[PDB]
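Asker: Sharing a structure below in structure tokens format, with a few things to ask.
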Amino acid sequence: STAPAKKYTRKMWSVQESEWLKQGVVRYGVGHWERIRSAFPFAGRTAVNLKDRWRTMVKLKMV
């Protein structure tokens, strides 16, 4: 299955990156923003992008 959604404003983001992020943090354990970041083909995103999407998802208990 894929990750949930959330009404917001931003470029066309791929839910795939989320699937790997959620499971990645669950298996690799939070804190490994870098190790987990390797999940998707990063081009210009920093580790913050990982800890961010994770933090937000945590608040909405969606992850």
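Asker: Just to check I understand the Karplus step: with θ = phi - 60° and J = 6.51 cos²θ - 1.76 cosθ + 1.60, what whole-Hz values come out for region 30-38, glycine and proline as x?
Answerer: 2, x, 8, 3, 5, 3, 6, 3, 4
Asker: While we're looking at this one, here's another question. Just grab the label-to-label distance for residue 5 and residue 46, each label 7 Å out from Cα along the Cβ direction, in nm (one decimal).
Answerer: 3.1
Asker: So for each of 6-18, 30-42 I average, over its residues, the number of other beta carbons within 10 Å; can you give me the resulting order with the highest mean first? It would help to have the intermediate numbers written out before the result.
Answerer: Numbers: 6-18: 9.3, 30-42: 15.4.
Per-residue mean Cβ counts within 10 Å order the peptides as 30-42, 6-18.
Asker: Could you tally up the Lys pairs in the chain with alpha carbons closer than 18 Å? Skip any pair fewer than 8 positions apart unless they're on separate chains.
Answerer: 11
Asker: Same structure, new question: Give the relative contact order (percent, whole number) for the chain; include only Cα pairs under 8 Å separated by 6+ residues. Please report the intermediate quantities before stating the final value.
Answerer: Numbers: 43 pairs, mean separation 18.5, N = 63.
Relative contact order comes out at 29 percent.
So basically every Cβ, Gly included, is an ideal-geometry build from the backbone, and we count neighbours across all protein chains shown. Every number in this text was worked out from the coordinates using simple rules, so none of it is lab data.
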